[PDB]
């Protein structure tokens, strides 16, 4: 049985709404994961073949829960900015115990991030022993929010017409139903070069800009639906992805922590 941690070092996301200052900003691609000094986290700045003018600023180890960042973009071609745990040490998700993320941010409004966009938790995992060769590499998303577009409101959850693929199931956690979707990307770019791989999505049905994500609950449910993650988790990071547009994301809080089933903290920042 999993008990929610109540440790005093956990910041209440609801009222973590003071603007942060004093970022250190990066304006070009990071060439994969790059560590942050004085921090357990790594960041990544990624864009597709370019348009440019994005910035990604970390708010440092001693404020905003330690993983807070701000991003801006101006007509990017699929900008991804992310910060959080980097692993890639041949361990399954369950090796990291119960993972949580407390967040609070502001962002630009509807239709400032193109036709598609994602905010939430993101990473990859490898499962080389999967019988289906398409499932040996996994890209995953827990989507708390997005920017909508001309056709659909940012207050309405994205669906398979944005993600592609198939609704596999659903469950309720952290105050909302999530729709679970599996998609196959066919000869597309990945962390292992151009190939076929699968994407797993949990789409929050009631989008939000602050709260707590019970990350491991999503991993457990995907696996219950036959969406296996395998034995080499790559990373687990908070993401802003903007397909295009011109806008910003500005976190007052991003706090990862890990706890055992009894709720004792194994890892937390700051």
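Residue numbers (PDB author numbering): 4 to 273. A virtual CB, placed ideally from N, CA and C, is assigned to each residue, including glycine.
- By the neighbour-count criterion, in which a residue is buried when 16 or more other Cβ atoms sit within 10 angstroms of its Cβ, residue 7 is exposed.
- The alpha carbon of residue 207 has as its nearest neighbour, out of 246, 82, 123, 228, the alpha carbon of 123.
- Annotation: the region 150–221 contains the following complete segments of the alpha helix (DSSP H) (minimum length 4 residues), in chain order: 163–166.
- A distance of 9 Å or more separates the beta carbons of residue 159 and residue 20.
- Per the DSSP secondary-structure output, residue 245 pairs in a beta bridge with 82, 120.
- Collapsing the DSSP output to three states places residue 38 in a strand.
- The alpha-carbon of residue 172 is positioned some 5 Å away from that of residue 183.
- The beta carbons of residue 128 and residue 144 sit no closer together than 9 Å.
- For residue 143, the pairing in a beta bridge is given by DSSP as 126, 203.
- Beta-bridge annotation (DSSP): residue 236 is paired with 128.
- Residue 263 and residue 43 have their C-alpha atoms some 19 Å from each other.
- Straight-line spacing of the CA atoms in residue 202 and residue 46 works out to 21 Å.
- For residue 111, the three-state secondary structure derived from DSSP is coil.
- Between the alpha carbons of residue 217 and residue 91 lies a gap of roughly 21 Å.
- By the neighbour-count criterion, in which 16 or more other beta carbons inside 10 Å mark a residue as buried, residue 38 falls on the exposed side.
- Bounds of the beta strand (DSSP E) holding residue 270 are 268–271.
- Partner residues in the beta bridge of residue 102, as assigned by DSSP, are 261.
- The criterion of a C-beta distance shorter than 9 Å is satisfied by residue 50 and residue 57.
- In this structure the region 161–178 lies against the region 186–194, because at least three pairs of beta carbons, one per stretch, are closer than 8 Å.
- Nearest Cα to residue 62 within the set 146, 79, 22: 22.
- When the beta-carbon positions are compared, residue 210 and residue 253 stay at least 9 Å from each other.
- The secondary-structure analysis by DSSP pairs residue 27 across a beta bridge with 61.
- Collapsing the DSSP output to three states places residue 138 in a helix.
- Taking C-beta atoms as the reference points, residue 86 and residue 241 count as a pair closer than 9 Å.
- With respect to the 9 Å criterion, residue 13 and residue 257 are not classified as neighbours on the basis of their beta carbons.
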